[PDB]
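To keep things clear, I will list the structure first and then write my remarks on it.
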Amino acid sequence: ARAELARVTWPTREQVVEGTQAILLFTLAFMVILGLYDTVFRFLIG
Amino acid sequence: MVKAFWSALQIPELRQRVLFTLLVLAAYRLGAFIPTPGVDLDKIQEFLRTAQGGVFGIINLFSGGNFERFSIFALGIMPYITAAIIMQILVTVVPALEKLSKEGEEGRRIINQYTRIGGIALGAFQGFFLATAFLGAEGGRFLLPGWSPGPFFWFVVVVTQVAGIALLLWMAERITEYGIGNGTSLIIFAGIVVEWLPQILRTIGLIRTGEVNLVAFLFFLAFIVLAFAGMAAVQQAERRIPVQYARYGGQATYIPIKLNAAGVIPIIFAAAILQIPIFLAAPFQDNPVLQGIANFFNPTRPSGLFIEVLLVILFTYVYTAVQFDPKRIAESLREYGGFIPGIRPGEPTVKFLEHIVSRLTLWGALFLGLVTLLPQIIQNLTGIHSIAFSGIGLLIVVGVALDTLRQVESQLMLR
Ligand SMILES: [Zn+2]
């Protein structure tokens with residue numbers, strides 16, 4: 001069907017912001033962890 | 001906020017599990033430079049950069065960039081996902097396997113070991129299939145000089161590929177037991193996000209030359225964050241259906257209906273599925289009929305993107321929607337007299353919950369379909385282009401993150 005149940009709890013109204021803050025932290029962490037994993041294998045070449 | 005992680009990580013119990021998780025992905029990244037005996041990686045890279053070998057995008061993404069340089073895990077942990085989907089179809093259709101499925105602790109780990117032996121065998125095939133149909137294909141198009149289309153190569157790739165997959169699949173299941181979150185999940189996740197930092201770096205080096213402007217780029221990074229947010233908003237979002245219990249032991253509660261039940265799996269699933277056509281059809285270079293087949297499902301092109309987006313919908317809906325929901329819930333309310341206020345107990349409860357879950361779950365799916373489709377549009381109007389930030393790129397990254405963070409607290413409650 002295509003009817004709306006808009007009245008739904010979004011138990012986070014602006015805890016969304018801290019959720020997003022958690023996700024962006026997780027990725028950017030690993031991102032830099034795994035980003036250097038490249039150069040750490042570069043100075044291991046010679 | 002940044003320290004809310006710090007202290008909760010400064011407890012050595014988990015700090016050890018992170019330093020193992022990171023270590024296993026380190027050795028996985030180490031293997032990425034272990035080239036397959038007879039393969040000319042410079043030719044492979046050249047090919048992947050041409051328009052012809054463009055379709056291999058998603059394949060090289062979920063390989064973690066291993067295909068790009070035929071490592072011992074050329075395809076990565078992806079053959080294992082293929083086995084996971086095969087055996088979880090056969091668990092449904094074939095009933096004898098359904099018996100073993102529902103058969104408790106050790107019974108659930110036997111299917112797990114028929115899938116584990118499913119995957120490793122599937123690596124042998126895929127390795128051979130590529131060595132035969134693609135790698136030594138034309139003049140040994142991608143063979144280093146000295147190497148030849150003989151069975152010596154065939155066998156030596158099959159070995160490199162079974163060695164690589166076995167190594168890796170073992171590495172996977174350690175990240176589950178002795179590490180954070182889920183192995184496989186985190187492996188896929190690693191493949192995508194590795195290629196992020198240099199990309200982000202190279203994009204701002206080319207903003208300087210005058211090729212890119214900071215208006216478009218700042219729009220793109222804004223959107224990634226926006227996307228990251230919307231999904232975070234949606235995961236948190238619930239609809240509470242009020243219950244109430246009879247007289248002691250008589251008070252009110254709520255049964256929560258989420259928009260998307262931990263949608264980590266249907267997404268990696270859908271991705272795998274979409275690659276099946278590409279993987280079989282594309283490595284036949286000279287065959288036009290097959291190149292059509294493969295180029296149809298290419299997720300960059302609108303045809304493939306549409307096939308991709310219909311897939312993420314379906315896989316998400318069927319995942320979230322089927323969590324042995326309505327009919328048991330309606331009956332279980334019998335245990336100690338429970339009811340949804342105002343709504344008749346029994347059939348009308350079933351049809352009530354059914355309706356709600358149906359109409360809800362659907363919005364959950366549709367949303368995830370925008371997250372798949374939109375990046376391309378956004379990528380197209382922008383000069384920036386990469387499969388790593390291609391929605392399916394995002395949805396798994398965001399996916400594994402949440403899956404991993406959620407699994408911390410469930411045991412961090414216990415610990
Ligand atoms: Zn040819």
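Labels for the structure tokens follow display order: chains A, B, ..., residues from 1 in each chain, ligands from 1.
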Within 7 Å of chain B, which residues of chain A come that close, and what is the closest atom pair and distance in Å for each? Count only C-alpha atoms and give it as JSON lines.
```
{"residue": "A:1", "atom": "CA", "partner": "B:359", "partner_atom": "CA", "distance": 6.9}
{"residue": "A:8", "atom": "CA", "partner": "B:239", "partner_atom": "CA", "distance": 4.8}
{"residue": "A:9", "atom": "CA", "partner": "B:239", "partner_atom": "CA", "distance": 5.3}
{"residue": "A:10", "atom": "CA", "partner": "B:237", "partner_atom": "CA", "distance": 4.2}
{"residue": "A:11", "atom": "CA", "partner": "B:237", "partner_atom": "CA", "distance": 6.0}
{"residue": "A:12", "atom": "CA", "partner": "B:236", "partner_atom": "CA", "distance": 6.3}
{"residue": "A:16", "atom": "CA", "partner": "B:233", "partner_atom": "CA", "distance": 5.1}
{"residue": "A:19", "atom": "CA", "partner": "B:232", "partner_atom": "CA", "distance": 5.8}
{"residue": "A:20", "atom": "CA", "partner": "B:229", "partner_atom": "CA", "distance": 4.9}
{"residue": "A:23", "atom": "CA", "partner": "B:401", "partner_atom": "CA", "distance": 6.4}
{"residue": "A:26", "atom": "CA", "partner": "B:401", "partner_atom": "CA", "distance": 6.7}
{"residue": "A:31", "atom": "CA", "partner": "B:193", "partner_atom": "CA", "distance": 6.0}
{"residue": "A:32", "atom": "CA", "partner": "B:197", "partner_atom": "CA", "distance": 6.9}
{"residue": "A:34", "atom": "CA", "partner": "B:194", "partner_atom": "CA", "distance": 5.6}
{"residue": "A:35", "atom": "CA", "partner": "B:197", "partner_atom": "CA", "distance": 5.7}
```
Practice prompt. List all protein, DNA and RNA residues that have at least one atom no more than 7 Å from any atom of ligand 1, counting only C-alpha atoms and all ligand atoms, and write them as a PyMOL selection string.
Written response: chain B and resi 138+285-286
Restrict the selected residues to N, CA and C atoms and save them as a CSV table (one decimal), in the first residue's frame.
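The new file again.csv reads:
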```
chain,number,residue,atom,x,y,z
B,138,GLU,N,43.5,-14.3,-23.6
B,138,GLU,CA,43.7,-14.1,-25.0
B,138,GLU,C,45.1,-14.4,-25.6
B,285,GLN,N,36.0,-11.6,-22.5
B,285,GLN,CA,36.3,-10.3,-23.1
B,285,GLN,C,35.8,-10.2,-24.5
B,286,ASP,N,35.9,-11.3,-25.3
B,286,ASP,CA,35.6,-11.2,-26.7
B,286,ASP,C,34.2,-11.4,-27.0
```
Discussion item. I want to know what sits within 12 Å of residue B:221, based on only C-alpha atoms, with residues of the same chain fewer than 2 positions away left out; could you give that as a list in words?
Written reply: residues 24 of chain A; 200, 203, 204, 214, 215, 216, 217, 218, 219, 223, 224, 225, 226, 227, 228, 375, 378, 379, 382, 384 and 389 of chain B
Discussion item. Write out as a ChimeraX atom specification the set of residues from chain A that DSSP, computed on the backbone, places in alpha helix (DSSP H).
Written reply: /A:16-39
Let me see the file: selected residues, N, CA, C and O atoms, as a compact mmCIF listing (two decimals), in the first residue's frame.
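So result_10.txt came out as:
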```txt
# COMPACT_ATOMS: atom_id res chain seq x y z
N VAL A 16 19.93 12.14 17.24
CA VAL A 16 20.36 11.86 15.88
C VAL A 16 21.76 12.40 15.67
O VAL A 16 22.63 11.72 15.15
N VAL A 17 21.96 13.65 16.10
CA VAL A 17 23.24 14.35 15.98
C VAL A 17 24.39 13.59 16.64
O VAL A 17 25.47 13.49 16.06
N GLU A 18 24.16 13.06 17.84
CA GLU A 18 25.19 12.28 18.54
C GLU A 18 25.35 10.87 17.99
O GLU A 18 26.42 10.28 18.11
N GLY A 19 24.29 10.33 17.40
CA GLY A 19 24.38 9.10 16.62
C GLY A 19 25.33 9.31 15.45
O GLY A 19 26.31 8.59 15.31
N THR A 20 25.05 10.33 14.64
CA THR A 20 25.88 10.73 13.50
C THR A 20 27.31 11.03 13.93
O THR A 20 28.25 10.79 13.17
N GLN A 21 27.47 11.57 15.13
CA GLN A 21 28.78 11.86 15.69
C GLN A 21 29.55 10.59 16.02
O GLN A 21 30.78 10.55 15.92
N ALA A 22 28.82 9.54 16.41
CA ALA A 22 29.43 8.25 16.70
C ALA A 22 29.91 7.57 15.41
O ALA A 22 31.05 7.09 15.34
N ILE A 23 29.05 7.54 14.40
CA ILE A 23 29.34 6.88 13.12
C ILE A 23 30.56 7.51 12.44
O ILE A 23 31.51 6.81 12.08
N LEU A 24 30.53 8.83 12.30
CA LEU A 24 31.62 9.57 11.67
C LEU A 24 32.95 9.40 12.41
O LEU A 24 34.01 9.47 11.79
N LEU A 25 32.88 9.15 13.71
CA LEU A 25 34.08 8.88 14.50
C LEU A 25 34.63 7.51 14.14
O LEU A 25 35.80 7.39 13.77
N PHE A 26 33.78 6.49 14.23
CA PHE A 26 34.13 5.11 13.92
C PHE A 26 34.87 4.98 12.58
O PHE A 26 35.98 4.44 12.52
N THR A 27 34.24 5.49 11.51
CA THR A 27 34.81 5.41 10.16
C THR A 27 36.14 6.14 10.07
O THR A 27 37.15 5.54 9.73
N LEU A 28 36.13 7.43 10.42
CA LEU A 28 37.33 8.27 10.30
C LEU A 28 38.50 7.74 11.12
O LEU A 28 39.66 7.95 10.76
N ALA A 29 38.20 7.03 12.21
CA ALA A 29 39.20 6.32 12.99
C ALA A 29 39.88 5.27 12.12
O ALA A 29 41.02 5.46 11.69
N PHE A 30 39.16 4.18 11.85
CA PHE A 30 39.61 3.13 10.95
C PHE A 30 40.22 3.70 9.68
O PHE A 30 41.27 3.25 9.23
N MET A 31 39.55 4.70 9.11
CA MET A 31 40.01 5.37 7.90
C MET A 31 41.48 5.74 8.02
O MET A 31 42.28 5.39 7.15
N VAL A 32 41.83 6.43 9.10
CA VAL A 32 43.20 6.86 9.33
C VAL A 32 44.07 5.69 9.80
O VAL A 32 45.24 5.61 9.45
N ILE A 33 43.48 4.77 10.58
CA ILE A 33 44.19 3.55 10.98
C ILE A 33 44.62 2.79 9.73
O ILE A 33 45.80 2.49 9.57
N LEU A 34 43.66 2.52 8.84
CA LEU A 34 43.91 1.75 7.62
C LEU A 34 44.58 2.56 6.51
O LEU A 34 45.20 2.00 5.60
N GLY A 35 44.46 3.88 6.57
CA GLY A 35 45.13 4.75 5.60
C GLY A 35 46.64 4.66 5.74
O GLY A 35 47.36 4.58 4.74
N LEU A 36 47.11 4.68 6.99
CA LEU A 36 48.55 4.61 7.28
C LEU A 36 49.11 3.22 7.02
O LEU A 36 50.27 3.08 6.63
N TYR A 37 48.27 2.20 7.21
CA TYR A 37 48.59 0.80 6.88
C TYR A 37 49.22 0.68 5.50
O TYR A 37 49.89 -0.31 5.21
N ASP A 38 48.99 1.68 4.65
CA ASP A 38 49.60 1.72 3.32
C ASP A 38 51.05 2.18 3.40
O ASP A 38 51.95 1.51 2.89
N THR A 39 51.28 3.31 4.06
CA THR A 39 52.62 3.86 4.20
C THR A 39 53.50 3.02 5.13
O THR A 39 54.71 2.93 4.92
```
Worksheet item: residue B:284: which residues within 10 Å, counting only C-alpha atoms, same-chain residues fewer than 2 positions away excluded, as JSON, numbers by chain?
Response: {"B": [130, 132, 133, 134, 137, 138, 279, 280, 281, 282, 286, 287, 288, 289, 290, 291, 294]}
Could those residues be written to a file, using N, CA and C atoms, as a PDB file, in the first residue's frame?
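Once everything was written out, this is result-v8.pdb:
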```pdb
ATOM      1  N   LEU B 130      38.476 -17.623 -13.324  1.00  0.00           N
ATOM      2  CA  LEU B 130      39.212 -16.419 -13.724  1.00  0.00           C
ATOM      3  C   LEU B 130      40.530 -16.721 -14.431  1.00  0.00           C
ATOM      4  N   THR B 132      41.189 -19.257 -16.146  1.00  0.00           N
ATOM      5  CA  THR B 132      40.879 -19.920 -17.406  1.00  0.00           C
ATOM      6  C   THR B 132      40.227 -18.979 -18.409  1.00  0.00           C
ATOM      7  N   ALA B 133      39.147 -18.328 -17.986  1.00  0.00           N
ATOM      8  CA  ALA B 133      38.346 -17.500 -18.876  1.00  0.00           C
ATOM      9  C   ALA B 133      38.921 -16.102 -19.082  1.00  0.00           C
ATOM     10  N   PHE B 134      39.750 -15.638 -18.144  1.00  0.00           N
ATOM     11  CA  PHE B 134      40.135 -14.222 -18.104  1.00  0.00           C
ATOM     12  C   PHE B 134      41.644 -13.899 -18.075  1.00  0.00           C
ATOM     13  N   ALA B 137      43.568 -15.596 -20.753  1.00  0.00           N
ATOM     14  CA  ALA B 137      42.543 -15.668 -21.793  1.00  0.00           C
ATOM     15  C   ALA B 137      42.998 -15.512 -23.236  1.00  0.00           C
ATOM     16  N   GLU B 138      43.520 -14.341 -23.606  1.00  0.00           N
ATOM     17  CA  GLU B 138      43.678 -14.052 -25.033  1.00  0.00           C
ATOM     18  C   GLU B 138      45.057 -14.406 -25.606  1.00  0.00           C
ATOM     19  N   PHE B 279      30.210 -11.012 -12.473  1.00  0.00           N
ATOM     20  CA  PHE B 279      31.303 -11.965 -12.302  1.00  0.00           C
ATOM     21  C   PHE B 279      31.327 -13.101 -13.333  1.00  0.00           C
ATOM     22  N   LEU B 280      30.163 -13.631 -13.693  1.00  0.00           N
ATOM     23  CA  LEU B 280      30.108 -14.716 -14.675  1.00  0.00           C
ATOM     24  C   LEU B 280      30.285 -14.217 -16.111  1.00  0.00           C
ATOM     25  N   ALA B 281      29.620 -13.107 -16.433  1.00  0.00           N
ATOM     26  CA  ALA B 281      29.513 -12.600 -17.804  1.00  0.00           C
ATOM     27  C   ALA B 281      30.677 -11.727 -18.285  1.00  0.00           C
ATOM     28  N   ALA B 282      31.248 -10.925 -17.391  1.00  0.00           N
ATOM     29  CA  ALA B 282      32.273  -9.949 -17.774  1.00  0.00           C
ATOM     30  C   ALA B 282      33.643 -10.502 -18.191  1.00  0.00           C
ATOM     31  N   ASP B 286      35.941 -11.270 -25.291  1.00  0.00           N
ATOM     32  CA  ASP B 286      35.622 -11.206 -26.717  1.00  0.00           C
ATOM     33  C   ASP B 286      34.150 -11.402 -27.029  1.00  0.00           C
ATOM     34  N   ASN B 287      33.388 -11.896 -26.058  1.00  0.00           N
ATOM     35  CA  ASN B 287      31.989 -12.198 -26.297  1.00  0.00           C
ATOM     36  C   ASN B 287      31.078 -11.003 -26.053  1.00  0.00           C
ATOM     37  N   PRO B 288      30.460 -10.466 -27.127  1.00  0.00           N
ATOM     38  CA  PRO B 288      29.610  -9.275 -27.037  1.00  0.00           C
ATOM     39  C   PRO B 288      28.320  -9.518 -26.273  1.00  0.00           C
ATOM     40  N   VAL B 289      27.746 -10.711 -26.411  1.00  0.00           N
ATOM     41  CA  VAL B 289      26.482 -11.032 -25.752  1.00  0.00           C
ATOM     42  C   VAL B 289      26.670 -10.949 -24.243  1.00  0.00           C
ATOM     43  N   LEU B 290      27.781 -11.510 -23.764  1.00  0.00           N
ATOM     44  CA  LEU B 290      28.111 -11.534 -22.337  1.00  0.00           C
ATOM     45  C   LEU B 290      28.482 -10.152 -21.776  1.00  0.00           C
ATOM     46  N   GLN B 291      29.186  -9.366 -22.585  1.00  0.00           N
ATOM     47  CA  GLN B 291      29.565  -8.018 -22.196  1.00  0.00           C
ATOM     48  C   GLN B 291      28.337  -7.130 -22.026  1.00  0.00           C
ATOM     49  N   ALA B 294      26.865  -8.222 -18.604  1.00  0.00           N
ATOM     50  CA  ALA B 294      27.641  -7.629 -17.517  1.00  0.00           C
ATOM     51  C   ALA B 294      27.427  -6.130 -17.427  1.00  0.00           C
TER      52      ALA B 294
END
```
Discussion item. To one decimal place in Å, what is the distance between atom CA of residue B:127 and atom CA of residue B:141?
Written reply: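 Rounded to one decimal, the two atoms are 16.5 Å apart.
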Practice prompt. Name all residues at most 12 Å from residue B:300 (count only C-alpha atoms; drop same-chain ones fewer than 5 positions away) and give them as number ranges by chain.
Written response: B: 51, 54-58, 294-295, 305-309, 372-377, 379-380, 385-393
Within 10 Å of residue B:24, counting only C-alpha atoms, which residues show up once you throw out same-chain ones fewer than 3 positions away? Write them as an mmCIF file with N, CA and C atoms, in the first residue's frame, please.
```cif
data_model
loop_
_atom_site.group_PDB
_atom_site.id
_atom_site.type_symbol
_atom_site.label_atom_id
_atom_site.label_comp_id
_atom_site.auth_asym_id
_atom_site.auth_seq_id
_atom_site.Cartn_x
_atom_site.Cartn_y
_atom_site.Cartn_z
ATOM 1 N N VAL B 18 40.103 -4.641 20.355
ATOM 2 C CA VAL B 18 40.329 -3.678 19.275
ATOM 3 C C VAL B 18 41.687 -3.934 18.621
ATOM 4 N N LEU B 19 42.707 -4.138 19.455
ATOM 5 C CA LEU B 19 44.081 -4.354 18.991
ATOM 6 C C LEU B 19 44.298 -5.731 18.349
ATOM 7 N N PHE B 20 43.322 -6.621 18.517
ATOM 8 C CA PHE B 20 43.269 -7.867 17.759
ATOM 9 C C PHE B 20 42.531 -7.632 16.438
ATOM 10 N N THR B 21 41.362 -6.994 16.518
ATOM 11 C CA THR B 21 40.572 -6.657 15.334
ATOM 12 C C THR B 21 41.423 -5.887 14.328
ATOM 13 N N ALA B 27 46.997 -7.966 8.856
ATOM 14 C CA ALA B 27 47.505 -9.133 8.134
ATOM 15 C C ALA B 27 46.703 -9.407 6.868
ATOM 16 N N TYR B 28 45.440 -8.987 6.872
ATOM 17 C CA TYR B 28 44.596 -9.046 5.685
ATOM 18 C C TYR B 28 45.099 -8.034 4.655
ATOM 19 N N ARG B 29 45.449 -6.847 5.140
ATOM 20 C CA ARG B 29 46.026 -5.809 4.308
ATOM 21 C C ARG B 29 47.426 -6.208 3.846
ATOM 22 N N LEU B 30 48.125 -6.973 4.683
ATOM 23 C CA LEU B 30 49.445 -7.511 4.357
ATOM 24 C C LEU B 30 49.375 -8.471 3.170
ATOM 25 N N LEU B 168 42.115 -16.386 4.932
ATOM 26 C CA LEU B 168 41.259 -15.241 5.201
ATOM 27 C C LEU B 168 39.985 -15.580 5.963
ATOM 28 N N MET B 171 40.852 -16.046 9.392
ATOM 29 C CA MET B 171 41.038 -14.699 9.938
ATOM 30 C C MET B 171 39.700 -14.051 10.268
ATOM 31 N N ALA B 172 38.703 -14.304 9.426
ATOM 32 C CA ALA B 172 37.378 -13.733 9.611
ATOM 33 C C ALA B 172 36.803 -14.153 10.952
ATOM 34 N N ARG B 174 37.927 -15.220 13.587
ATOM 35 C CA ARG B 174 38.645 -14.772 14.785
ATOM 36 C C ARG B 174 38.138 -13.401 15.236
ATOM 37 N N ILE B 175 37.872 -12.524 14.268
ATOM 38 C CA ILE B 175 37.370 -11.170 14.530
ATOM 39 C C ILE B 175 35.994 -11.210 15.207
ATOM 40 N N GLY B 179 37.541 -10.697 18.765
ATOM 41 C CA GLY B 179 37.556 -9.289 18.356
ATOM 42 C C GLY B 179 36.242 -8.541 18.509
ATOM 43 N N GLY B 183 33.532 -10.606 11.988
ATOM 44 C CA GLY B 183 34.668 -10.740 11.081
ATOM 45 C C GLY B 183 34.393 -10.381 9.637
ATOM 46 N N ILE B 187 35.589 -7.220 7.432
ATOM 47 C CA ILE B 187 36.537 -7.413 6.327
ATOM 48 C C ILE B 187 36.071 -6.637 5.102
#
```
Worksheet entry | Shell around residue B:153 at 8 Å using only C-alpha atoms, local window under 6 positions removed, as a PyMOL selection string | chain B and resi 38+131+147
Okay, now the selection with N, CA and C atoms, as a tab-separated table (two decimals), in the first residue's frame?
```tsv
chain	number	residue	atom	x	y	z
B	38	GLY	N	51.33	-15.82	-11.58
B	38	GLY	CA	51.48	-15.58	-13.02
B	38	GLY	C	50.76	-14.38	-13.61
B	131	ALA	N	41.27	-17.71	-13.93
B	131	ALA	CA	42.54	-18.09	-14.52
B	131	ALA	C	42.34	-18.64	-15.93
B	147	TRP	N	55.14	-16.86	-18.45
B	147	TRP	CA	53.97	-17.63	-18.09
B	147	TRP	C	53.08	-17.93	-19.30
```
